[PDB]
Amino acid sequence: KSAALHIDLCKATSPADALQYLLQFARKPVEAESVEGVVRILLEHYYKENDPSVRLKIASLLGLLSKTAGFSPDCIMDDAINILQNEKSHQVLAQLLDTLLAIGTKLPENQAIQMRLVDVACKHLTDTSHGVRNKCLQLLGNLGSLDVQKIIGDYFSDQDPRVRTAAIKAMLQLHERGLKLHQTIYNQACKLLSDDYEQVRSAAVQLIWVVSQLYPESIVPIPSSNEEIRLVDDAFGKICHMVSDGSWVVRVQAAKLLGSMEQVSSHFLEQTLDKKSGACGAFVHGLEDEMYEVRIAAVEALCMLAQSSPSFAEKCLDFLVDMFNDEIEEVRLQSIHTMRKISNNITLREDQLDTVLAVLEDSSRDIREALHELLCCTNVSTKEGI
Amino acid sequence: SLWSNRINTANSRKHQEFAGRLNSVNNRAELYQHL
Amino acid sequence: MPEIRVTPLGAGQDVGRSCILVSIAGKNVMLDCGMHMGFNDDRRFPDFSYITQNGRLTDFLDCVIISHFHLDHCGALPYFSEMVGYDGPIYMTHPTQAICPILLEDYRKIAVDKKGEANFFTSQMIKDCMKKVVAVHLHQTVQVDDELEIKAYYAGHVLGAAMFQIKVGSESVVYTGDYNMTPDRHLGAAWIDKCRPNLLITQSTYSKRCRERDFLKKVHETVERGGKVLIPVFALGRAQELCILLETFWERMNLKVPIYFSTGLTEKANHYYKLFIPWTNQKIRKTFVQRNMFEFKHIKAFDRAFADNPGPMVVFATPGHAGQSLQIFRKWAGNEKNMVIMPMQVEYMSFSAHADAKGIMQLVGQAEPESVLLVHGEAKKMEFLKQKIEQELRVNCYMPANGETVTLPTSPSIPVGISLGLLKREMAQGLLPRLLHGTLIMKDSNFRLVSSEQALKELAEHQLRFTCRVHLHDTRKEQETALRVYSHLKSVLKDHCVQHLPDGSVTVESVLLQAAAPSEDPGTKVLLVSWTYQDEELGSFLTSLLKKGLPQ
Amino acid sequence: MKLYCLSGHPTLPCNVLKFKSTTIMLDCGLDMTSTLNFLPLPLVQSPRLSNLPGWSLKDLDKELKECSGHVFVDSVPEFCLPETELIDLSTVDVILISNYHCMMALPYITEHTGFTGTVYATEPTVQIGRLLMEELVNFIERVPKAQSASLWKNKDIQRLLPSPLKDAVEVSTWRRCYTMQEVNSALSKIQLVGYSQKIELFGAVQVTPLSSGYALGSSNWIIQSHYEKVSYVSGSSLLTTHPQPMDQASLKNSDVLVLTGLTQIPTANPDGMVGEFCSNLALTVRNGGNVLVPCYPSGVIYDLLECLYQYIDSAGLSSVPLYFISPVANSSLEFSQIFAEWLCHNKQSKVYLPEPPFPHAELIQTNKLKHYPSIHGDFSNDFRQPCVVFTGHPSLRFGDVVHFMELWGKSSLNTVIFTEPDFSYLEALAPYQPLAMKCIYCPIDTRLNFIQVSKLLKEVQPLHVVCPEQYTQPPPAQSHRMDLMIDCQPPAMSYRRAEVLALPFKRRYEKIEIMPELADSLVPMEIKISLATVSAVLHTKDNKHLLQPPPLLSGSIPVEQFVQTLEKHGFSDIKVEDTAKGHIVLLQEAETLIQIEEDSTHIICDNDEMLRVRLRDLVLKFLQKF
Ligand SMILES: [Zn+2]
Ligand SMILES: [Zn+2]
């Protein structure tokens, strides 16, 4: 039923009654032919109306209507972008770009609409309001592929941190969609990793891990000195320095990406595990942190890193032994699990062995059976150990 | 001359010094001098 | 010549009697009121001869701050407050304000038992001074009168330890009193955001879980065999940390040996610690719902009247001070079944109550200050870390001695206003490295940098329209001349404006060309070119280019 | 500049305010009065509710159950949300929670909307809110009644329903209780804040909470851009209450004032009804009956216990026990103890001495109060009959209070005493209506009444006031008492649910810094105001604008002094004459003409470079640098 809308909405009042009725309509689903009818009449009322908030609601439910399951949205999309060009209100423009993003998600097959939406996104990318740029960047990330990379990377230096975060997440979205990235954006990532707004740093450390995975054997020189070094190892150094950052969520992210990376030379692993450039003693800082989430993430990163590099496993055994006296029982249980995973191929010495065994008196039966499971996989040096 | 008048207004609004600063020598002053 | 003027009366190159006077902008702020443990020949108190001689103090000092309840950071509070006669604001955290009175009264008991009684204070002065203090919450900005703000962060030295950020105008100085980024069992690590201050004051007086494991192994072995342990601990923070560590170890091991403590002082400290839980570890805060960690079942008396046998009993003590009955080693014991941990088993365990070099380096990197100031430690170690800061972090530092005025230059920023129309136009026109030409109506201490047109109402935008005349001998059509001049300029000037104008005129940048009426002489024809100071550099070249003239 | 009012409830307000380049959603209140239309959730199913008769509309009869001529839906209680579809919640950036009463519905917004921003709330607000959501969930899912009531929500079908259901608003938007997974997930996204803490929001906006005084943790928010201060007064209290008192000083010089959370039933003095509550329970227990007090686990129970524990010792009622049965009873009591620094001056003075702030620790130590996590834990064995029992939910639609009403409802010697005013008391007893057990409506609301808000408003003096429309029209029960009105020199514009307000507080200035390096590169000249001009370059980072080193034309030249100064420096043949389009001064030395009209001064000269240089230098010498 759409003729009812055709009567009542043009015979209503402007400020709130139209808005309240429009809100009422959003709670019922629509059928595709009626979807075409409603997008047509809503475009008509969008033409006639001048209020910003009512147009914002018009656009947001137009986006909710395009989300409907079965229909073709391109035909109405043509006129939709036709009016998007002359629209001036910034909130309404951001909402329109939300809808066109919804159409791009809806129909990712036709390339014609893809280039079209990329063109309109780049057209409105000079907008002052940060929300419109946010939606432009989301549109670039979701739709594109093989000119988008340099466009998004130019917005890495945008003043608003929300815009920078959206740009980085757009590149991450592009890589997730399966594009080979560039080695150039490493520098811009490094720049943003240096003093930003927490969310930006979290997304940036995600991005620098992504490019490190993409170009691990590449060569990038030291900025001050002249010594060459494989790219993945300086990426490891840059991520490792973020373990000391004052935002615990970024610390957790950095620990997870530390665990992910595996092509690191054992030199830097020994450097980052030894207590007594900026990648010295990062893991000990992670294990000596106050957030148990950071410690769990760090010990899991230790498990994965030792699993990838068998020779690394010898140096972390004693540190894991200390974690069996941890305060949080989940941390102790996780350290026991890591030890069982990595002590498979290596040997314990006497002091480490008895310190492992001395915690058996603990009341928590779960860590007791976990420790038993460790002992199924441990290796003993001398018969006195047994 | 906006730097000069603003800096003069800011410095002139200062109210009172104290014993150690005027009598300091080489940016340092001695304590417990009564001995 | 603006400045930040700083003078440490104490703890500049020593440990003890933290007292640093600060002048940031006109106002004078006093940083700590500690006392010097060691000498008692009137160097036990700060020398206020720097700032006053037979007079009142509040005339100069605008605030007094306390880092924490340590005697070397707050012990000289009542003497300076009432004995010398300070009657102004005092700011310290709530747990510091709660713990400081009884500790200072115990030190006053110590002094009167040593019988100072010659330059010392009494309990009633403490009761008077403590009514004069204004407590500060964590992360709370305290505007005092009109422009000075004080913000207190977390430090982790003790319960209620804080590092302060004193602000006036755009200039700030961060005083990291006493901290340690190696968090203990019962407290978190110091955190301060990227405040990027113009001055940072830091203390510099210098396998933790491995040490804790060794301690607990010794305790477990002794109570298993039957050794009667003893812990002569002076610090209340260290005592409470050892208490919670022993409590959690015994809870994990599920054994029922008793633990003792001082009936008088430790009871009050435990009560206050239980009260002030949100300052503690995140583990303690998270586990507080299930049960109370400071309501530990091992809350036994001082002893079983000093007759609990030398077996597996556990106790607490203090070194040569007001602690608990160490009736363990000599009264009981006398044999192998005893172990005394004083920082028949002799041992000494070192606990990181104060910070290390790496923690200081991390703090300075985290804050990112313009300058660093060092206090509270051994001068050799100050030199060591000053060399480390100058080498690694490439930031200037100062090392002061007592009575040394470290003074720093400043770069205050002038806050002024903009018209949002001009700002919006500048952003809109610039984002698709040019200049921003504006005009400021610097009124009586209230500035306003607006566009020129905005000044019209306040008359005073009475426009000054310029015009430079160009001598051209041609008499051709206006539209043809304008089109040819536009094409010639687009050829000469490299892509300034490529556009067909509606009125058949010329304008490059923001100049204005008019084919005005010529003079009274019939043999003279002149073209006129109007512009502004913004575009005069191109307008002069445009007029010099057209000085040759169109083809006559 | 634009205010979006998601929820129309006066005391549970969800408002999205788009300020400058940001947007902040103030409070997230869950309109919980919707549950009153539902049948309660008895812990043990009772024959009385089970054998209730269905309401035959015209034939669906199983869907509605009728009690005492009042129709209730037979399903799990459902809660009304803020109007979420009005504004895309992905666009909002920050959520500010004033008090734990507005803390609810946060899981709805945070998980079910794609919202990704942050939340700022005080530490006691977060902890008490966690307990409140925990106990509410534990009440809802304890005896899960199947969700079946959806056919009654249809429009025409709802029209035929009677008055208790006819007035239900946004019925389709009503949602079941969130799970504990949603509560735990949502509460992870909160940054704890402290009173009077300047929290930057991308630089463009600074938000500062201030002690509200209504409850521990409760805060009032102020939003600034160094030129546009926007206050937000949620529920507050000027009375002699134990939390930290109102800080009206920080509220001053406010451009607008979003005012919410005033007193329900403002006719009542709180202390008089505290006395009425104590006296009523006293005569009840002395008669022999039992007293049931449906209360929130943390809201008003602390001061109530204070007054009651004074009263029983004074009146020798120490014989009777005090039962506080709630799943979060112990946690609420301990949280109340440990939050001494968030209290008023007297309590923190008490904790300066070795003493807990609240007295119910002494009540437990004297073994008068006896809290329990549930009826069946140990209260099922330690309970003696003449007693006072603080439990459950004040909605009376879930919790242990429901079982207690079904238990003591039959007798007349017992009594229920209501304290919470946010639920209509006559609607709460409606599903248990044919009961002989005495009900007392003595609300203990401590919010700002209209005379206190009038005094507050006249002290702070905001340029505008934004309030719910319920505060601009007199309450329907009164409808003639104009003392329950808010008035000012502005008319204090209002808002209904799902309404947008355009504000006139769109002042057009922004602060900007200049360092001495660029300050020294400016040339002022005052003529009594300083007339100065600067052409510099603007670089903006993180919504903070800065000017770095890399003019304009303005001036009023009278003709006569122009001529005199030119003659003084030395020049020839300067005219004074009055022609059309303005007075014009002529300089025929090298064909230079200057026209002086009003608001403009046209200057004509030639391309002779040194003539132009000399003229510019001389004019800028006489005309002050501008
Ligand atoms: Zn200390
Ligand atoms: Zn110290």
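Throughout, chain C uses Swiss-Prot numbering, with the displayed residues spanning 1-206, 213-326, 329-351, 382-470, 476-502, 505-597 in order.
So how was this one determined? The header says electron microscopy, 4.1 Å.
Cβ coordinates come from backbone N, Cα and C, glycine included.
Residues or ranges marked as Zn(2+) 1 binding site in Swiss-Prot: C:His68, C:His70, C:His157, C:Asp178. According to Swiss-Prot, the Zn(2+) 2 binding site annotation covers C:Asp72, C:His73, C:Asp178, C:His414. Summarising the annotation, Swiss-Prot assigns 1D-myo-inositol hexakisphosphate binding site to C:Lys462 and lists similarity to another entry as the type of evidence. Per Swiss-Prot, the feature SUMO cross-link maps to C:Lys462. Look at Swiss-Prot and you will find C:68-73 tagged as motif 'HXHXDH motif'.
Here the features listed in Swiss-Prot are placed on the structure.
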residue: C:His68; record: Zn(2+) 1 binding site; Cβ within 10 Å: 26
residue: C:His70; record: Zn(2+) 1 binding site; Cβ within 10 Å: 27
residue: C:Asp72; record: Zn(2+) 2 binding site; Cβ within 10 Å: 23
residue: C:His73; record: Zn(2+) 2 binding site; Cβ within 10 Å: 31
residue: C:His157; record: Zn(2+) 1 binding site; Cβ within 10 Å: 27
residue: C:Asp178; record: Zn(2+) 1 binding site; Cβ within 10 Å: 27
residue: C:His414; record: Zn(2+) 2 binding site; Cβ within 10 Å: 30
residue: C:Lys462; record: 1D-myo-inositol hexakisphosphate binding site; Cβ within 10 Å: 13
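Of all the binding-site residues in the list C:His157, C:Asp178, C:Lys462, the shortest Cα-Cα distance to C:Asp72 (Zn(2+) 2 binding site) is found for C:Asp178.
Proximity to chain A, defined as a C-beta distance under 8 Å, is registered for none of the binding-site residues C:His68, C:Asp72, C:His73, C:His414. Taking a Cβ distance under 6 Å to any atom of ligand 2 as the criterion, the binding-site residues C:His68, C:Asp72, C:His157, C:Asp178, C:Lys462 reduce to C:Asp72, C:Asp178.
Checked against ligand 1, the binding-site residues C:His157, C:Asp178, C:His414, C:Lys462 give C:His157, C:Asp178 in sequence order as having a Cβ less than 6 Å away from one of its atoms. Summarised by DSSP class, the composition of the motif 'HXHXDH motif' (C:68-73) is 3 helix, 0 strand, 3 coil. Each of C:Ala11, C:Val15, C:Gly16, C:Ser18, C:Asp32, C:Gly34, C:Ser67, C:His68, C:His70, C:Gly177, C:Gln203 belongs to the same chain as C:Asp72, C:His73, C:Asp178, C:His414, is absent from that list, and has a C-beta within 8 angstroms of the C-beta centroid marking the Zn(2+) 2 site.
Apart from the site residues C:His68, C:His70, C:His157, C:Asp178, the chain places the Cβ of C:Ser67, C:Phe69, C:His73, C:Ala155, C:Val158, C:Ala161, C:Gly177, C:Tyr179 no farther than 8 Å from the centroid of the site's Cβ atoms, the recorded Zn(2+) 1 location. Checking the binding-site residues (C:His157, C:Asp178, C:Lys462) against C:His73 (Zn(2+) 2 binding site) with a 10 Å Cα-Cα cut-off leaves C:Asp178. For the pair formed by C:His68 (Zn(2+) 1 binding site) and C:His414 (Zn(2+) 2 binding site), distance between Cα atoms is given as 14 Å, rounded to the nearest Å. Taking only the Cα positions, the spacing between C:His70 (Zn(2+) 1 binding site) and C:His414 (Zn(2+) 2 binding site) is 13 angstrom.
Taking C:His157, C:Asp178, C:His414 as the binding-site residues under consideration, the smallest Cα distance to the residue listed as '1D-myo-inositol hexakisphosphate binding site' is found for C:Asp178.
Classification of C:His414 (Zn(2+) 2 binding site) by DSSP places it in coil, neither helical nor stranded.
Put simply, C:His414 (Zn(2+) 2 binding site) is 14 Å from C:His157 (Zn(2+) 1 binding site) when counted between their Cα atoms.
Here the Cα atom of C:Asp178 (Zn(2+) 1 binding site) is found 9 Å from that of C:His414 (Zn(2+) 2 binding site).
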